[PDB]
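Per-entry structural report
Residue strings, one per chain:
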Amino acid sequence: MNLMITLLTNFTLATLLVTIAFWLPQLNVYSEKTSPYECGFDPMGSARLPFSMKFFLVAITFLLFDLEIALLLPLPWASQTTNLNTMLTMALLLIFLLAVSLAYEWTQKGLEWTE
Amino acid sequence: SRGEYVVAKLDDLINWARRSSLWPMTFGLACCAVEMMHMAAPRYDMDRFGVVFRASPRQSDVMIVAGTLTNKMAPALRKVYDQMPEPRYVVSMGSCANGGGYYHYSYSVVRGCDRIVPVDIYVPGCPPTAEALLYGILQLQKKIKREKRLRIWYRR
Amino acid sequence: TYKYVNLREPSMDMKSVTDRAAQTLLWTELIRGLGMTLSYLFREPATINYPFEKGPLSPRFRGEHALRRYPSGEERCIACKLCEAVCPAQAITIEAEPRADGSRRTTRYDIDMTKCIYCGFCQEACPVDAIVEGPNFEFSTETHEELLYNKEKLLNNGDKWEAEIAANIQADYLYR
Amino acid sequence: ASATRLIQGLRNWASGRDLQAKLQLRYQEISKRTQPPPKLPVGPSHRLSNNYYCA
Amino acid sequence: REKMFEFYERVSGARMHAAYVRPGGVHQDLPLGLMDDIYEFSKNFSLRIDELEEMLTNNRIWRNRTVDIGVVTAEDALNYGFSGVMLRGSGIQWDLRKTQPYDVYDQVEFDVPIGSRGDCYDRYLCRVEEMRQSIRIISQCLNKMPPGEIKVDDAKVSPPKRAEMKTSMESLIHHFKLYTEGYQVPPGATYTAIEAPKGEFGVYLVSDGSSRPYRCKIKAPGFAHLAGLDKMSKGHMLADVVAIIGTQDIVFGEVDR
Amino acid sequence: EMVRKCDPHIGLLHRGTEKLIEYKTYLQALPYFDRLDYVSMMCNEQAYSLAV
Amino acid sequence: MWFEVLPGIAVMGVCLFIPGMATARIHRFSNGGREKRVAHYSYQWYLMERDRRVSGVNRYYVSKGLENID
Amino acid sequence: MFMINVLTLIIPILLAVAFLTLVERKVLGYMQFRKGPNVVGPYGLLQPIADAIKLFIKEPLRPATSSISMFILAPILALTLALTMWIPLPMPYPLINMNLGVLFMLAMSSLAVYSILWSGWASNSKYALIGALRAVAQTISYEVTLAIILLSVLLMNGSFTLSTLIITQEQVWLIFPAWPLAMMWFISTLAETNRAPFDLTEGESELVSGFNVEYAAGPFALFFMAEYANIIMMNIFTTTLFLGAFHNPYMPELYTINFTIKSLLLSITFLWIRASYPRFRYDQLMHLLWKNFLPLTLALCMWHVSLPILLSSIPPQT
Amino acid sequence: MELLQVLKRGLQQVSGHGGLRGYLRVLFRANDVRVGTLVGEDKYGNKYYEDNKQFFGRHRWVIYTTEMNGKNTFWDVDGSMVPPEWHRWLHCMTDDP
Amino acid sequence: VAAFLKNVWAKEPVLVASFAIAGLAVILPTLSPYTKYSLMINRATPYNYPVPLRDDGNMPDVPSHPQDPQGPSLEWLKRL
Ligand SMILES: CCCCCCCCCCCCCCCCCC(=O)OC[C@H](COP(=O)([O-])OCC[N+](C)(C)C)OC(=O)CCCCCCCCCCCCCCCCC
Ligand SMILES: CCCCCCCCCCCCCCCCCC(=O)OC[C@H](COP(=O)(O)OCCN)OC(=O)CCCCCCCCCCCCCCCCC
Ligand SMILES: CCCCCCCCCCCCCCCCCC(=O)OC[C@H](COP(=O)(O)OCCN)OC(=O)CCCCCCCCCCCCCCCCC
Ligand SMILES: CCCCCCCCCCCCCCCCCC(=O)OC[C@H](COP(=O)(O)OCCN)OC(=O)CCCCCCCCCCCCCCCCC
Ligand SMILES: CCCCCCCCCCCCCCCCCC(=O)OC[C@H](COP(=O)(O)OCCN)OC(=O)CCCCCCCCCCCCCCCCC
Ligand SMILES: CCCCCCCCCCC1=C(C)C(=O)C(OC)=C(OC)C1=O
Ligand SMILES: CCCCCCCCCCC1=C(C)C(=O)C(OC)=C(OC)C1=O
Ligand code: SF4
Ligand code: SF4
Ligand code: SF4
């Protein structure tokens, strides 16, 4: 209940600092002030063209390493169990499998960027 | 009347906030920009006056035309000035930005940036010293201080 | 007579290898840069308090132009047009005629300050020390045509700044 | 040159160099703004004899 | 740099554009007390170079922006018409203050920094060591300053003094004719190039016997360096091309004229 | 962000200096050289002076 | 000199002292001059709701000791 | 009287942002051998008020090519997520005492990237596009250690409760057993918060302003004050993690003063790092957090799992 | 201890401006409160001060007048307000006031 | 082996520190006397309720009061 009130307050006086930002000053709108900024000369083409990602294999492997901190994250709680050597072996197995994955991603030059 | 006093104090408030928070833009052309960097240097130090650069025109308040305006860059100068939100100001630094200068009779030089943009403060020199440029900036602050925006709104 | 910048091979004993590995893992040169920046934090800054404190100048300084007079009231400019013949930007425009006592004087002495390049060839070409480029540099205008000085503005600059221009010429004239 | 020896010692330790020996702010060690009038020398052609310009 | 602009303002009257070094010598002699202040500046400037070099040279972030960036081979440096540090970063032992010396550079002893890898970082170290060697040459020039005049005593080229212009007839005629017509340069063309701090800065001056130039081409180093930018930027990114435009120290007034 | 081609368009500060030099005398053409490499002023003065 | 940064930092220091101090006082105003009850686990919430049920004034912070029993 | 507690939280941590602008400019000035602002107020103490009034009386300039809905939603979400990451921070009592406040901090870090990201997309500009995908390249670099470091430090805490982390450090600071984690977390929070040497999104020299290059004044204010709220919250969070102070249950203001001055020293440390280093190229960013910090972070994760078992010092989860 | 000397120099800078009122006067008009040897005062009220222990640039300053030629220059101090006889001394064109 | 180890400590000291810390985390709990005490503390922490027993007549190892001398004791934890 308090979390919803706090988020509503933060969103409200973040959007009441915008509605007094757009309506308070004086505008002189003309169709060169709102032109796209390209350091003074007119932009060649659109900025909606494909902006080719060089770091794409690291971008995919981030999705496979971000799951690990959905897997390695119960370890402060998993240390509270009564079968603890099994827990320790499986935990070091998970960090070791992450590390073997990172080693394989190094050695095939997957962490390097293309071109 | 009371309302004239209220709009006078609010004019004083907005003129204070605009002259004491001038953001020029990283925009030089020629030798004057070296001296404009010396006006940013620790001896004269624009930043003590609230004067600090912002590279984008959208978040800049004054454009110091510091150098020579040629013909090939005059539309770039005009579009950079146009992409500044109002209120925006122009300080013309040096002789070539003022009136053509040492390249006045040249085929390729715009004879003063006041053919392109409306100019507020003309700073003379070749180059003007960084102290003379800072004098022109403080004169621009005095020009902003005596603006009467809300008083003229209240009277029109 | 030449030196090889960056031709050092690192030492490969275990001492220097462990020292560089501690530099890498424990960030020694980064702490050196932080230490030098923290060293400048505790200094007196070079910021002079303009407009109450002024940058130091010399008696050779080239600022605002001024037409000087003799110590009797008579102006010095005898219309000889060397200052506009040597002017590298053609900022000076002179028109002259004999005035009412037959003296060679100017009717027009214009200096366009927005063509002027402030190099001081006019003050070194003047045979009578009439045009000088005085000490004023704080003369920024709010309009362009206020920086197009006629003869009246230049003579008023001389009458304004004479008590300093005479002293600066007295300080420098042996070098000229 | 008006800094306290605590700040002076901290500053010397942080830079690793002696800073009061080489200060970048200038003080009374610099030249005077008012100088005696000079007597500049003349060149080799400032003679009254054997000074034909064609030679 | 502000203190050296004070040195310019004292010696000539303007902080940046002096018009002080003239054909025939210089315009005006050194004022009294100038060289002692140049000594007091040069005594302390080495600590400033030291702390710049402390902030950048051994820094790992500065090296990772400049060590494998903008490598120029020697033959492509000579082919692209590079000069100065752009050659000296690549190991080409060439400096016009040594090889083709001008006014008294054969009378001052200094060193020429030679880079090893042609990258931005060796050119950085070449510029820092040229600041060191410039302090060295300023020490040698302050110790070895001779007495005498400062213009050529051919008074048909350099103007006379104002103390003798107002007394002598020939000096008044020469003042008049040098500040209105000027001296007549004999016909012919030269290409005079010096070691400017950006490299070989040249003037190709063509005179037709008149008192005005017929042609004056200005060879700038930055023109050829910015031409070679397109080769130097290959295989790099925007944050590296900004370092390549930094290490090719461009002032566009000489690039564009 | 890998750079494939750089085309530096210049001449945005082409003032036409060395045509203005042709219509001015040598002493008047000297201050044009201060403004070419405007961080290396007296070196440009020295180069032009040595040429003349 | 450098100590002129010490006013502004001090103002910023007060602007970081005001929130947390205030919430401590706010936790001592709504909760009967004591700390705010921390219910991280549902047993703590069960004891807190039991306190709210046995207070007689529907406030969990109003405590009842041996004076309530005979 | 909780809404008053929310206001007395979020309004002083806007005034702290305001005077952090002045502290930034003046500490940055004195480290650059100059002064900061001293003209506008008495030694600059009224400069941020002039900046705050100036940005909301300047024309807002919604661009022509901008997808306007995301363009307005990006600074709103920026300042919303900047304010709402202060609520689980114990001061010594948090506003909202969460059992999993650390994961709240981490998830609302992950949602704050979309402010920069949708600002770079919506403002249909090329430099804004570069500044947005450099935020992608920066966030996929720091998030792959920001959770493992923060995991390994809480294996000595027992939970994800930030208030328990005061009880954890009652004897010794948690920087003494975990200074490699501390010095790696500090760089991960530099790279998280887009501060130098890891600016890389508002790149002044590569880009013009990066993602907020189209944002004129008013909407630009809500990215800038969001970024400074992020750095003050992040140094308070770093202080709670590694420099947790003495807490008296009867005198909370002692703890409040203590972590206030520690987080101020870490804020000055951010300003002092921004005043001293060149900027990384944003691939060398990625070859740092993946090739250097990530192997050692996995190694320290193995060590900080096994070591409370190795010494029978597993902390309680209650 | 030398911090006590620092506090004594601050309090005697408060003393040297005629008390708290003049201290705040020179603070809000000058952004600078250090005392100086009064070199002179022109025919307008502009007071000219030395402090040779300061570094070269800070060693000579001017506190401008509050009324020059009919304009209220309390807050609108201006660099062009210095008369030409003090413009050599203030800009260090000479040693002599 | 010291030559290869010095080579990898000269080129990649981050990875050498990584493999050293990881190898310690692998082998070192298997050589420590305190790993048993971790398990004993974790199984000695009373999360649930100790549900009592119906006394049939023959349970001499099970107490009838918590302060009785038979039953599991935590004096090893109090001393350590
Ligand atoms: C939070 C409180 C404060 C904490 C401290 C932080 C404050 C000081 C910050 C200084 C400014 C830093 C600004 C950003 C700098 C960015 C650059 C940077 O840091 O790069 C990282 C650099 C990168 O180095 P690099 O980039 O030079 O690496 C070169 C890499 N190759 C060769 C592949 C090209 O260093 C690291 O990655 C080290 C990370 C921390 C190491 C911690 C190790 C601890 C010791 C472990 C044990 C060792 C012994 C072995 C086991 C023994 C068992 C018995
Ligand atoms: C058994 C213990 C637990 C082991 C598993 C847990 C590991 C935890 C850390 C996670 C590491 C994940 C990523 C590891 C990648 C390793 C592969 C690799 O990077 O190889 C390449 C590297 C040389 O780099 P290069 O190919 O030149 O790359 C160019 C761009 N930099 O090659 C090298 O630098 C050589 C690497 C191998 C030699 C390292 C020797 C370290 C010895 C320390 C003491 C003994 C420790 C016990 C382990 C046995 C080691 C032999
Ligand atoms: C019914 C009647 C009232 C009607 C409504 C008005 C309410 C009050 C509005 C604010 C005050 C109005 C007056 C504003 C200042 C006017 C006087 C002025 O400009 O004085 C100039 C003086 C500085 O002089 P200067 O020329 O700059 O100095 C040269 C350097 N030596 O300037 C100074 O010395 C400093 C000036 C400070 C201005 C006030 C402080 C800032 C504003 C605070 C309130 C608004 C913002 C609130 C918070 C917003 C979120 C951050
Ligand atoms: C948690 C802590 C947060 C603290 C936040 C604020 C920090 C800074 C506090 C203020 C610092 C000093 C400000 C000084 C303002 C200017 C004073 C002054 O001299 O103003 C003069 C000006 C013009 O008056 P004039 O008639 O020209 O005077 C001629 C004199 N013979 O006349 C004027 O300018 C008109 C009067 C304007 C007065 C404005 C005062 C400042 C208001 C700041 C807003 C916040 C105040 C604190 C709120 C919380 C605490 C209650
Ligand atoms: C179109 C673009 C978007 C435009 C609008 C943007 C709006 C704002 C977006 C940002 C905010 C997103 C909030 C998402 C939910 C966050 C929930 C949360 O804060 O959980 C943390 C905390 C965990 O603590 P816990 O362990 O439960 O302790 C209590 C039990 N003893 O939980 C607690 O302490 C429990 C407190 C009650 C929680 C109520 C359930 C969550 C309510 C979600 C509201 C809607 C979220 C919308 C998300 C939009 C994402 C863009
Ligand atoms: C942040 C420190 C002050 C920088 C102020 C730059 C303002 C714009 C000047 C233009 C300029 C730039 C960018 C520049 O980088 C540069 O190179 C040295 C110049 O000289 C050739 C310039 O003229
Ligand atoms: C109430 C919140 C007020 C927020 C004020 C935002 C505007 C102030 C920006 C000042 C600034 C800072 C701090 C700054 O960090 C910076 O970088 C050096 C600037 O120049 C590019 C600045 O202009
Ligand atoms: S007015 Fe003159 S000195 Fe100034 S930028 Fe122009 S050419 Fe260079
Ligand atoms: S200073 Fe030079 S440009 Fe100016 S008027 Fe004199 S001769 Fe002409
Ligand atoms: S050179 Fe001197 S006397 Fe001759 S016209 Fe010019 S100002 Fe007059």
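Residues numbered from 1 in each chain as written, not as in the entry; some residues may be left out. Chains lettered and ligands numbered in written order. Part of a larger assembly, values for the part shown. Heavy atoms only, no water.

Structure determination for this PDB entry was carried out by cryo-EM, with a resolution of 3.1 Å recorded in the header.

Moving on, we get to the nonpolar core. Residues H:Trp86, H:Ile232 and H:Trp290 are the most contacted members of the largest nonpolar core, which totals 169 residues. Of all the elements, helix α9 (residues 221-242) of chain H adds the most residues to this core, at 15 residues. In terms of nonpolar packing, the next biggest core, distinct from the first, is built from 88 residues, B:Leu69, B:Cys126, C:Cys122 and F:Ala47 among them. (Core = buried A, V, L, I, M, F, W, Y, C linked by side-chain atoms within 4.5 Å. Buried < 20%, exposed > 50% of the residue type's maximum accessible area, 1.4 Å probe, protein only. Helix = DSSP H or I, 4+ residues; strand = E, 2+ residues; numbered from the N terminus.)

Turning next to the packing of aromatic side chains. A full pass over the atoms with the stated rule returns 43 aromatic pairs over all chains. One aromatic cluster is present, formed by B:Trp23, H:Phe220, H:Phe224 and H:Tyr228 through successive ring pairs. For C:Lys153, the ring lying beneath its charged end belongs to C:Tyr149, and the centroid distance is 5.5 Å. (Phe/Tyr/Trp six-rings, centres within 6.5 Å; stacked < 30°, edge-to-face > 60°. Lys NZ or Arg CZ within 6 Å of the ring centre and 35° of its normal.)

Most contacts, compared over the 28 pairs of chains touching, are made between chains A and H. Considering only C-alpha positions, the minimal separation of the non-contacting chain E and chain G is 20 Å. Contact between chain E and chain J is absent, and the least distance between their C-alpha atoms amounts to 15 Å. (Contact = heavy atoms within 4.5 Å.)

The strand order across the open sheet built from three strands is β4-β5-β6 (chain E), with neighbouring strands paired in antiparallel fashion. Lying at the two open borders of the sheet, with one neighbouring strand each, are β4 (188-196) and β6 (213-219) of chain E. Pairs of neighbouring strands in the sheet enclose a mean axial angle of 15°, with direction left out of account. Alignment of strand β5 (residues 199-207) of chain E against β6(E), held across six bridges, turns out to be antiparallel. For E:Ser207, the partnering residue across the bridge sits in β6(E) and is E:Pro213. Along the sheet, helix α4 (residues 41-51) of chain F contacts β4 and β5 of chain E; its crossing angle with β4(E), the most-contacted strand, is approximately 150°. (Pairing = 2+ DSSP bridges. Axes fitted to C-alpha atoms, helices over the stretch in contact; angles between N-to-C directions.)

Mapped onto the elements of the fold, E:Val185 is located in the loop between α8 (169-180) and β4. Dropping the residues within four chain positions of it, E:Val185 is found in contact with E:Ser207, E:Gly209, E:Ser210, F:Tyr26 and F:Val52.

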